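>>> Provided hereafter are the protein sequence and its experimental coordinates.
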Amino acid sequence: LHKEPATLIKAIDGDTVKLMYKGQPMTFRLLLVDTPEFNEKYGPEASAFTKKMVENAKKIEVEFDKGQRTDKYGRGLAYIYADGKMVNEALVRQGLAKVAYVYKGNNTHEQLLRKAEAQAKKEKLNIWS
Ligand SMILES: Cc1cn([C@H]2C[C@H](OP(=O)(O)O)[C@@H](COP(=O)(O)O)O2)c(=O)[nH]c1=O
Ligand SMILES: [Ca+2]
């Protein structure tokens with residue numbers, strides 16, 4: 001996989017963020033994770049976490065996987081990085097996302113994220129508390 005440049009437009013929630021990519025505004029849905037909705041428990045925490053990460057980053061990068069790049073809602077599907085650190089993995093490691101939505105064609109970092117989830121779960125973090 002390869003990392004591509006993008007710029008933050010707006011934080012949205014734990015697992016969606018609005019970026020400018022190849023010069024076009026686009027909502028991105030984070031691959032392989034599921035954060036609680038803002039109205040659910042840990043939803044506010046997940047939004048705050050992703051917000052700080054993308055807002056504090058001097059460099060945002062988008063990394064598509066091998067399958068479809070857009071979902072049925074028009075959202076881009078990618079791994080998102082903030083100064084080199086993967087937001088998707090970071091949310092899981094903190095127990096603010098579950099590994100989820102593992103689809104056949106777009107699963108490259110699956111075992112990486114499950115390792116992070118095992119450690120968050122081991123540590124009883126947030127969702128796992
Ligand atoms: C993460 C991801 C979600 N989706 C779709 C599946 C779900 O369909 P449904 O809307 O029919 O539930 C929806 C869940 O995303 P959200 O968790 O943002 O709601 O987005 C994909 O198709 N591919 C993906 O890689
Ligand atoms: Ca969600």
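Arrived safely. Numbers count the residues shown, from 1 in each chain. Ligands and ions are numbered 1, 2, ... in the order given.

>>> Please identify the buried residues of the longest strand that the chain contains?
Longest strand of the chain, by residue count under DSSP state E: strand 4-13. Burial within strand 4-13, assessed by neighbour count using 16 or more other Cβ atoms under 10 Å, is assigned to 6, 8, 11-13. Every residue, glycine included, has its C-beta placed from N, CA and C.

>>> a markdown table for those residues, including distance to ligand 2?
Listed next are the buried residues of strand 4-13 as a markdown table, based on distance: Cβ to the ion, whole Å:
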| residue | distance to ligand 2 |
| --- | --- |
| 6 | 21 |
| 8 | 19 |
| 11 | 14 |
| 12 | 10 |
| 13 | 7 |
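
>>> Restrict stretch 17-35 to CA atoms and write it as CSV.
Provided in CSV are the C-alpha atoms of stretch 17-35 (Å, rounded to 0.1, in the frame of the first residue of the first chain):
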residue,chain,number,x,y,z
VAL,A,17,-13.3,12.9,8.9
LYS,A,18,-13.6,15.4,6.1
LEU,A,19,-10.3,15.8,4.1
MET,A,20,-9.2,17.5,0.9
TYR,A,21,-7.9,14.7,-1.3
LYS,A,22,-6.4,15.4,-4.8
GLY,A,23,-8.0,18.8,-4.4
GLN,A,24,-11.6,17.6,-3.7
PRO,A,25,-13.5,17.7,-0.4
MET,A,26,-14.4,14.1,0.6
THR,A,27,-15.7,12.4,3.8
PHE,A,28,-13.4,9.5,4.7
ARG,A,29,-14.6,6.4,6.6
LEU,A,30,-11.8,4.7,8.5
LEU,A,31,-11.1,1.2,7.3
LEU,A,32,-11.5,-1.8,9.6
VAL,A,33,-12.8,-0.1,12.7
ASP,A,34,-16.1,1.0,14.4
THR,A,35,-16.3,3.8,16.9
